[PDB]
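A single chain comes next, written as structure tokens; it is the form deposited without 2-(2-benzofuranyl)-2-imidazoline.
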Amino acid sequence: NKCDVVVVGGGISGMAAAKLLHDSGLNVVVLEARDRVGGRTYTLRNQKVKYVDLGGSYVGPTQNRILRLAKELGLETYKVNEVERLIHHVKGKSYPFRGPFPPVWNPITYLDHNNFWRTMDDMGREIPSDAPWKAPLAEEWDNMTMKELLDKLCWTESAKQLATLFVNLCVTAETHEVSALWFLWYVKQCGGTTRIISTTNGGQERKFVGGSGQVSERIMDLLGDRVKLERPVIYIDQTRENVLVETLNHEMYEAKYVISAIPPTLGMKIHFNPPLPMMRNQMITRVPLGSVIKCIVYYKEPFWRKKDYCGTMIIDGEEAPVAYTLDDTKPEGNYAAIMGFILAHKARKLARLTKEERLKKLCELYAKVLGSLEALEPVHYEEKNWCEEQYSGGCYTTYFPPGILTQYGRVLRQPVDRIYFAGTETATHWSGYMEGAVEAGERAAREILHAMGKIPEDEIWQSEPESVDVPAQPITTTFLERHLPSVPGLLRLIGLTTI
């Protein structure tokens, strides 16, 4: 019934918020809709897989908050396999390579690729992480889709195709679905193109031994009966001295403050008294989550390694159900597996099939890409279609269609009376990720601590010491990468020398 703070949602963000408040001496309750904590993280355990992350999994350098929280909870990481060669599969053929980026040999195509990534980061530098709507060209950039921007920037089909895959992979949405401003913000707030796309020295460097679900689970262990499972929140009433929070199973909770730690649009599942202010009322109808099926195919051995392939495949083309894979073999070298994502429209297209039908399509694809008949002999399969989840709405995160971030963005984490807003979507660094979940949950918690007069204003936002275990190498560029002209840039130089 009565407490200091009700946290709506027991994902990483809600759990991090609850833990901070609990550690500060406040009485907290976490109201979680599902029969489990973890939300967009979910670690399945069975005999065949031991454990497998079916939701959020990867962590890496510069994600210091999630690393610190997990370490405190007694968790360890291991490195995703990137020892052997990566594969870029394009136009039905595989091209092995090393480094974060597939090599480009054609001089013109090379200039185009180089310019595209450079320009993405150039534009990102103009976008404040904590206020993307303050970018000098915010309106101009927000009013076009990523598709339009790619059409403008990419003078080769090769660059456009790879850029498209990049967008699909980063935000589980189509290039025509998302605002260019929002996407450029999203990449910049993850530290840029190299950081977001890299395994070694990037977002995909590591996984947690035993699964990421342990973060939420171990916080639940700490909080005991303060976490209430199968309590979907239906109603929040702020008309009286204490906030009243009602659940679907007819329980009433009374609190001084509330943290909403659910995906922004899932705020729609709550009836508000008094009604939300106009901007938030409409905002929460304008912010969908992406579409993805995460699929893990198990094999007797990590046979790709014997062919000097690490298991990473970047697979272009409409026919391919999966556009991106990583080796998901255990650190011990057993439970050999390939993780792949079925992205955006393909998640919707292929959801119609049976589990067995999807497994067959994936194996046949992997056999082709890896040039290996062994890929046709899986020993086990697990998958999760996040599009079907009532209490997630999708994965990985919320995307902003054209025009929305500038018009409604400022309200995303603006308190509504005594309701404060956590959730990865409200983070300013690695929003969309487990890292962003921690940042947002702890920030929301400290907003309440400040409201209670327990901490000064300048302690609401808190820096994080760099992990000693996962140090971050800086992102570097070469002289040629910095100064080589774009395709139209080269054409100008040809135009002027001819004149």
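When you see a residue number, it is the position in the sequence shown, counting from 1.
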Which has the higher mean CA temperature factor in the PDB entry, 86-94 or 259-267?
-> 86-94
410-418 set against 391-399, stretch whose average Cα temperature factor tops the other in the entry | 410-418
So among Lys454, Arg36, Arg65, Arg443, who wins on Cα B-factor in the entry?
-> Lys454
Checking the entry, which one of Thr329, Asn249, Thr312, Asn201 has the top C-alpha B factor?
-> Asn249
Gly192 - which third its CA temperature factor falls in, relative to the rest of the chain = lowest
Using the B-factors in the PDB entry, rank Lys360's C-alpha atom against the chain and give the third, lowest, middle or highest.
-> middle
State the tercile, meaning the lowest, middle or highest third, of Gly290 with respect to the CA B-factors recorded for its chain.
-> lowest
Within-chain third of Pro102 by Cα B-factor, per the entry | highest
Relative to the other modelled residues in the chain, which third contains the C-alpha temperature factor of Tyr235: lowest, middle or highest?
-> middle
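What comes next is about the form solved in complex with 2-(2-benzofuranyl)-2-imidazoline, which is not displayed.
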Non-hydrogen atom contact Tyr253 with 2-(2-benzofuranyl)-2-imidazoline in the deposited bound form at 4.5 angstroms | no
Would you please decide whether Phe166 lies within 4.5 angstroms of 2-(2-benzofuranyl)-2-imidazoline in the deposited bound form, comparing each non-hydrogen atom pair?
-> yes
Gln214: heavy atom within 4.5 Å of 2-(2-benzofuranyl)-2-imidazoline in the deposited bound form?
-> no
With the cut-off set at 4.5 Å between non-hydrogen atoms, does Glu82 touch 2-(2-benzofuranyl)-2-imidazoline in the deposited bound form?
-> yes
Please state whether every one of the three residues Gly124, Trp141 and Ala180 places a non-hydrogen atom within 4.5 angstroms of 2-(2-benzofuranyl)-2-imidazoline in the deposited bound form.
-> no
Out of 371-379, 276-284, 158-166, 354-362, where are the residues with a heavy atom within 4.5 Å of 2-(2-benzofuranyl)-2-imidazoline in the deposited bound form?
-> 158-166
Contact residue in the deposited bound form, from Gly99, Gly74, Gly224, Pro136 (heavy atom within 4.5 Å of 2-(2-benzofuranyl)-2-imidazoline) = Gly99
Sort through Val416, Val411, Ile197, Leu350 and report the residue having a heavy atom within 4.5 Å of 2-(2-benzofuranyl)-2-imidazoline in the deposited bound form.
-> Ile197
